[PDB]
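A single chain, nothing else alongside it, follows as structure tokens in the form deposited in one PDB entry.
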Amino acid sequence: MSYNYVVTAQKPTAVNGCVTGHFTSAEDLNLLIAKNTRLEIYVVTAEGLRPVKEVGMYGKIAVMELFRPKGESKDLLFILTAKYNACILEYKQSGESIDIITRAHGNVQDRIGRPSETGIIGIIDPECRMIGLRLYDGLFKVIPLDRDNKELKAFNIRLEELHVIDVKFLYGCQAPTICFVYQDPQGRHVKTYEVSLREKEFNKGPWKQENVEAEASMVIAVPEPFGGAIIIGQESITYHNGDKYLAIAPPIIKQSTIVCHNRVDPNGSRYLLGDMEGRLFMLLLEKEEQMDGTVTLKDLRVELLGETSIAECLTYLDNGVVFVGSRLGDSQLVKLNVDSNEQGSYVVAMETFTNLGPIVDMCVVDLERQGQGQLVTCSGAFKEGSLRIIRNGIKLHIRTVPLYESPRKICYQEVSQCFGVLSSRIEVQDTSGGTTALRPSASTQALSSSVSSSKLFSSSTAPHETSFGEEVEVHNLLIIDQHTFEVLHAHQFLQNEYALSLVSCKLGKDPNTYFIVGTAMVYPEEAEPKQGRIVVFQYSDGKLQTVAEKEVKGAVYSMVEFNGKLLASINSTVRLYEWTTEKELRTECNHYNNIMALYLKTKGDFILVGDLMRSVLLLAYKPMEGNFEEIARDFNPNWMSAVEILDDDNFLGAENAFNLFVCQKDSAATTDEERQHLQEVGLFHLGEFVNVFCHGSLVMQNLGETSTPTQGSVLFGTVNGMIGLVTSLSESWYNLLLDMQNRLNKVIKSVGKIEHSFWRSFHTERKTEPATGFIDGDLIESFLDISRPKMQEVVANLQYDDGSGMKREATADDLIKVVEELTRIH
């Protein structure tokens, strides 16, 4: 019933995997990076990285491992998607035509089976005899690596240990042996099993169960010289190999948790380690050749190298050049100097690759052109906290403004040529009683500073204290110039005051434009919030002044401008405030809901409300009555991340398993039963996690209405930095473009031979249906990159409905100009 079109404005920028090897040819060294659905292949030069190929898949890349079976010139690439698509890929070049061929493929999903808490784990035996997958608790899938197995037929093996945390394949074992850390009631332990392809069963491993530390989180297989494995936990690093079990907790590491690793020496003598706070370490495995050729491990030593961006994964290339794959901030290349610099760091940044990071809020502003809008986002977390300015190249031009603290919300106040941003920085409890900052960030290094006067809850204060060392986050409201982007003022909120919502608008008869923030007093023993404020600020003459301070009974999750009035949501209440002439907030309306009013979008007198469990609710302000009345609803439980009003009748939301959905006001609604029920009319597996929805376009808005083929324009920012745009269509275009999609699928070569319809099929852990009401804009726009012979294959025997009378064979030239019309929406 709703015909919507969805297209990528910015591919996912966040890195979630990386491996090195010889994939293009046996000689040159490759670096392969996974950016969610994208896969980038590089060649390691002495200068930097020479890009070679970049391909996309019909799936979220969950496993990516190189390996060279016996009788192969170069490595093969194994990938496993989020929907459990398996495949082995080969790099093939014929002069200058680069193509990734699908040697074998298949889906390895099991009907029935609990997806493990630890997620998908994929490991390949170092002798390339087999692939092991840990997909479900209590099972271990084994794919035997035969030239015969082109469909990847596999078998599961009963696994008595249910809560497995990590598993690797061990080097230098008679039979393929797996080593894993699991948990049972007595704590965590490490155990080994041999895998028999003949018996299709488990056998006793080389060295039986051993007890490990409480927080054992990582297993590293150590190459052939050593044998055995290294287990990294929260405070210890241990090496185990049957006879020996060495564990060290050097003081340099106790302060942080290690989350990623990578091997430096091919024999395993050194490893790179990165923690949650950006630190970088080096681990040394001391050897002893003991004549024979039997090297025995003697000790373990750790050195602090320096600080990098918060690393999701690491990979050593060569000549001390290391690729830092980051999810929260920019990915980097760093040099490892043998001799320190003046700061003490042996690491030096070489290149910086932009990562729009986690986009947690954004807005569109025209800013300077007065014709072309620009997108300013809240990207990254912690020291990687940043703003980003995205605009069209006049391709995408991105300018970065680092904050060194986490930004939460952003909104634009044209009246004072600046932005309002809510941010939070981490401080540590001081022995004096106060708190100590970790580094100077945007809120600390501001020109002007202020703290709100402890008034309402200065007398109403609960008795509790914070222990030394505890991390406690302080919230600020930042004012940022719209040109230079420096922090003009930083208002610090009360202690334990948590800032949730922020808006900039004019209220009532008042012509002043205000910064309104909704807060919530967050205490640890207090589970649901019982105290919060709505503060009205005014920014005038470089100084920020508190105008009004309105206490509420709970958390102000959302606020919107509602035709001259302030529409706030306190827990389950939808309260409407009015701006008195005495410049104070006076309650006019209340509406008490069945759900917590977390998501709030408004169009005129309609209000769209949503909670975290995909409970969609539609309210309307009745002017004569002076209160709220419910219109319709659709409560289907599922996790929901953001929501937006397309038009008066359509509603767009993003829900669990990276899906998109459209709920629609039921036409032909005769009963008050079906009037008051919204029908799900569109479902789509986007592959990304949507955090924020925004009306606007990054193109020249086009003054004279030049028969815009689409109606509406909604942008959205995701966790992996992907920025997308959604727009509505007409019935004839949807029906046409849909038939375009199904013809393209027949001629298009899918990486890994994944069926497009399967990739976009609405998927959750329980339910999996096909996609409706959504056109894959990225698939349509790919029509321009195929050859004219493939276009003639696509258009062959294809009619439109133009006039309901002139349906004729679409020429490839008619159709080419059509897709060009669609590329112009971003």
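Note that the rigid core is defined as the largest set of C-alphas that superpose within 1.5 Å between two forms. All residue numbers are counted from 1 along the displayed sequence.
Heads up, the form deposited in another entry isn't pictured, but that's what we're talking about next.
- Just one of 333, 574, 381, 600 moves its Cα by 2 Å or more between the shown form and the other one on a rigid core overlay, and this residue is 574.
- A displacement of 2 angstroms or greater separates the C-alpha positions of residue 591 between the shown form and the other one, with the rigid core held in common.
- Fitting the two forms on the rigid core leaves the C-alpha of residue 439 displaced by under 2 angstroms between the shown form and the other one.
- Taking the rigid core as fixed, one finds a CA shift for residue 526 of 2 Å or more between the shown form and the other one.
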